[PDB]
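FYI, it's all coordinate maths here, none of it is from the lab. Cβ sites come from the backbone with ideal geometry, for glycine too, and all protein chains shown count toward neighbours.
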Amino acid sequence: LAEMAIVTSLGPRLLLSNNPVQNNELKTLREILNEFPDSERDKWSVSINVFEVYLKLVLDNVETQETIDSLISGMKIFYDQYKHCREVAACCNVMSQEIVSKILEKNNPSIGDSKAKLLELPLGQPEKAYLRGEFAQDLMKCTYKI
Amino acid sequence: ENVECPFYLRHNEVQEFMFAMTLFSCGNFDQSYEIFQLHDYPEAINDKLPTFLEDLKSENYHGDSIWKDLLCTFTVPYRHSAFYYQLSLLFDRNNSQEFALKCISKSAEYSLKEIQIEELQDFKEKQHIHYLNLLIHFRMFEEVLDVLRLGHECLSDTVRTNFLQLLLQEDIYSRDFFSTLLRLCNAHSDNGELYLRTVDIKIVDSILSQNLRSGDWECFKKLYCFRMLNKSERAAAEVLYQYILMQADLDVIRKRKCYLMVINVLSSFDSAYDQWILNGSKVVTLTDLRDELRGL
Amino acid sequence: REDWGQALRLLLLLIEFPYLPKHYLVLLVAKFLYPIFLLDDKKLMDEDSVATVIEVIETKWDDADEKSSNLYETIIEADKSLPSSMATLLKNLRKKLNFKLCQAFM
């Protein structure tokens, strides 16, 4: 029942109002699922679980290609039923900004497939403009040194 | 008149240096520039040069000389680039910025080649810094932009932060500079790209928020147009929205104008997540915004 | 007479009279205002000047009649110079407005 009250009526405030600087509220979210049952975890987590895989990948820095994929494919579905619920929708955009940012920060694997991955997780108004902008400058810089 | 014109020995080491300074102090900076174009000395005549200039090539001379510094660049293994730079510094100092500007363009051409020739990073920064100053002085702001941008292996980004801060934060510079930059963005906006890179965008974006301090429309309008041209329009509306809120000393007629623009920009987006602007951390709907203009 | 500045002024004066309802408005924008004057940039606007333009569209133009919309569309198809959907025409106007506006402030 309590799954339904954060996902179907008011998106987490520990992923919307959380300060991005030190992420102190975001890891309260994480720690209070360590106070909630883990002896019977895989029977009540399906909205809460998306939160769990998200939090381990970003907070604790568990950047594995497989982990990244698992979250993205799941998060497409998840986005597809609460991109129209109030609050929840605004939080999804935060999540997406964080995951995209996190991949450069650990070394971008720079394969076709992970380029793909970036666009398969939803993008904002400045982001789609930036990518096209930067790719021509980057080419220019290469041809710069004699 | 009496020495260096009846006794010009053509492509001789001695009479080339003597002439080249003598014209320079007589204020003919064009004719001096012509002389280095009759031989780039580090290669043409190598680094062997007279005993009294040798003193200058080192730091074994303790008098007056600014040309001292020009001899110093015959010791360095980046000798072509360093030489021309020194000529740039020399012209700028005697107030003949046109000819300095010529010299550092060659100096920069030389530095890019000399990246397979060992050339110090600390050297590079100072050399490129010297180029930006000349362009800024005549206000040829288009070229300032190219040199920084493609020159990220030439400078550190922080020295770059300072340069853009200097022209953004100084009012003498700000209108003329901003106009040259934003024109170039608009040309490229059309094409599907951005004229700037994403790294450049954030440095600027930061520099423009320092201005904001107590709201103020002008501060807001500069950051607003900045957002508008990088196709960050949704975020452009958030900046507008703050002018409304942050000041309660605005007229009803001032408020109504801002709301209309915020309402219109979101309503031209037709998505499910670009139908709102963020106020702090609070989601403010397109419906709530329209009601706010209706409440006026 | 290539007195494009004043040409705009007379057309605006005529439109401000509230006796036009929504179809003696559909006709004017596709014949004159949008193709000649707002597709070409040559005018410096600002936040307020753009706002006021926002006021005119939102209050008095758009088709409420189903027959009016379908008719505007057939006419658009036959003589193309304006976006075919009119909710894509909302978008296209705003963009040209924003160009004029940007150019004053740069």
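Looking only at helices (runs of 4 or more DSSP H) that fall completely inside the stretch C:31-105, which ones have 3 or more residues that are at negative phi and within 11 Å of another protein chain (Cβ to nearest Cβ)?
Result: C:47-60, C:89-105.
For the structure I just gave you, tell me whether A:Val21 is assigned to a loop (DSSP other than H, G, I, E, B), within 14 Å of chain B (Cβ to nearest Cβ) and not small (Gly, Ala, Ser).
Answer is yes for this residue.
Conditions: (1) assigned to a loop (DSSP other than H, G, I, E, B); (2) closer than 15 Å to A:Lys102 by Cβ; (3) more than 14 Å from every other protein chain (Cβ to nearest Cβ). A:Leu15 meets all but one. Number of the miss?
Of (1) assigned to a loop (DSSP other than H, G, I, E, B); (2) closer than 15 Å to A:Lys102 by Cβ; (3) more than 14 Å from every other protein chain (Cβ to nearest Cβ), only one is false for A:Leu15: (3).
Quick one: in the stretch B:158-198, of everything that is more than 13 Å from chain A (Cβ to nearest Cβ) and among the small types (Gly, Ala, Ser), which residue is surrounded by the most Cβ atoms within 10 Å (Cβ to Cβ)?
The residue in question is B:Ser174.
Can you tell me which condition A:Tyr54 does not meet? The list is (1) assigned to a helix (DSSP H, G or I); (2) closer than 24 Å to B:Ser281 by Cβ; (3) within 14 Å of chain B (Cβ to nearest Cβ), and all the others hold.
Failing condition for A:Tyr54: (3).
Assess whether A:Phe78 counts as being assigned to a helix (DSSP H, G or I) and within 12 Å of another protein chain (Cβ to nearest Cβ).
no
Any residue in the stretch C:25-36 that is touching a residue at least 12 places away in the same chain (Cβ under 8 Å) and either charged (D, E, K, R) or exposed (fewer than 12 other Cβ atoms within 10 Å of the Cβ) (or both)?
No.
Would you say B:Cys225 is closer than 23 Å to A:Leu131 by Cβ, over 20 Å from the mean Cα position of the chain (by Cα) and touching a residue at least 12 places away in the same chain (Cβ under 8 Å)?
Yes; evaluated as a whole, the condition is true for this residue.
What are the pairs, 6+ residues apart or on separate chains, where a residue within the stretch B:92-116 that is more than 14 Å from every other protein chain (Cβ to nearest Cβ) has its Cβ under 7 Å from a residue that is of a type in the set (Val, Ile, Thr)?
B:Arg93/B:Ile66
Taking the stretch B:1-42 as the region of interest, how many residues are of a type in the set (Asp, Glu) and assigned to a helix (DSSP H, G or I)?
The number of residues fulfilling the criteria is 4.
For the stretch B:268-290, which residues satisfy the criterion of being hydroxyl-bearing (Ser, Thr, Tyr), away from chain A (no Cβ under 11 Å) and more than 17 Å from B:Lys255 (Cα to Cα)?
B:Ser268
Conditions (1) crowded, with 22+ Cβ neighbours inside 10 Å; (2) out of contact with any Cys (no Cβ under 7 Å at 6 or more places or on another chain); (3) not in a loop (DSSP other than H, G, I, E, B), marked per residue:
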| residue | (1), (2), (3) |
| --- | --- |
| B:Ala236 | yes, yes, yes |
| B:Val239 | yes, yes, yes |
| B:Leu250 | no, yes, no |
| B:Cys258 | yes, yes, yes |
| B:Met261 | yes, yes, yes |
| B:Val265 | no, yes, yes |
| B:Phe269 | no, yes, no |
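Take the residues of the stretch A:88-146 that are of a type in the set (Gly, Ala, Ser) and within 13 Å of the chain's Cα centre (by Cα): which is farthest from the other protein chains (Cβ to nearest Cβ)?
A:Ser101
State the number of residues belonging to the stretch B:189-210 that are touching a residue at least 40 places away in the same chain (Cβ under 8 Å) and part of a loop (DSSP other than H, G, I, E, B).
Of the residues in the stretch B:189-210, 3 are touching a residue at least 40 places away in the same chain (Cβ under 8 Å) and part of a loop (DSSP other than H, G, I, E, B).
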